[PDB]
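Structure first, commentary second.
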Amino acid sequence: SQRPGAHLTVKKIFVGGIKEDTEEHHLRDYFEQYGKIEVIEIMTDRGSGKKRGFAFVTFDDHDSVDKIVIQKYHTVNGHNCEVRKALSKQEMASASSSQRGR
RNA sequence: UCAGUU
């Protein structure tokens, strides 16, 4: 558990572990309590065009995300899913490769 | 379905 760019301000959160059929309205309905949401990115598969397994929630502000990204498992729709800072697939490669320990 | 075609 590194917290992807914890010192960095983020404006989109990653929703994983969604075993229940969760969509845009579900996520927004929960995360709106934290702050102003921009869009809910239900990231479909770029091959078949299906619910690939994960989604993102874009916020208009990077403070609204802070109350969220600090906690991992959030209960949305009634299911307790995993929420973390949504780092780009570009960044997630570099950040994972440069995973440092002391 | 736990990452935006890593």
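All residue names refer to the structure tokens as shown: chains lettered A, B, ... in order, residues numbered from 1 in each chain, ligands numbered from 1 in order.
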- Item | Selection near region 26-30 of chain A, 6 Å with only C-alpha atoms (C1' of nucleotides), sequence-local residues under 3 positions removed, as a PyMOL selection string | chain A and resi 22-23+77
- Return as a ChimeraX atom specification the residues belonging to chain B that are within 6 Å of chain A, counting only C-alpha atoms (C1' of nucleotides). /B:1-3,6
- Message: Can you measure CA of residue 38 (chain A) to CA of residue 73 (chain A) for me? One decimal in Å is fine.
- Response: 21.5 Å
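Across A:80, A:48, A:68, A:39, the tightest approach to residue 5 (chain B) is made by A:48 when counting only C-alpha atoms (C1' of nucleotides).
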- Members of chain A assigned helix (DSSP H, G or I) by DSSP, as a PyMOL selection string: chain A and resi 24-31+66-69+89-97
- Message: Restricting the calculation to only C-alpha atoms (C1' of nucleotides): of A:72, A:12, A:67, A:84, which residue gets closest to residue 4 (chain B)?
- Response: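 Using only C-alpha atoms (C1' of nucleotides), the shortest distance to residue 4 (chain B) belongs to A:12.
Backbone DSSP over region 15-91 of chain A gives strand (DSSP E or B) for residues 15, 16, 37, 38, 39, 40, 41, 44, 51, 55, 56, 57, 58, 59, 73, 74, 75, 76, 79, 80, 81, 82, 83, 84 and 85 of chain A.
CA of residue 31 (chain A) lies 13.4 Å from CA of residue 78 (chain A).
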- Message: Nearest residue to residue 59 (chain A) out of A:71, A:2, A:9, A:99, using only C-alpha atoms?
- Response: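 Among the listed residues, A:9 lies closest to residue 59 (chain A).
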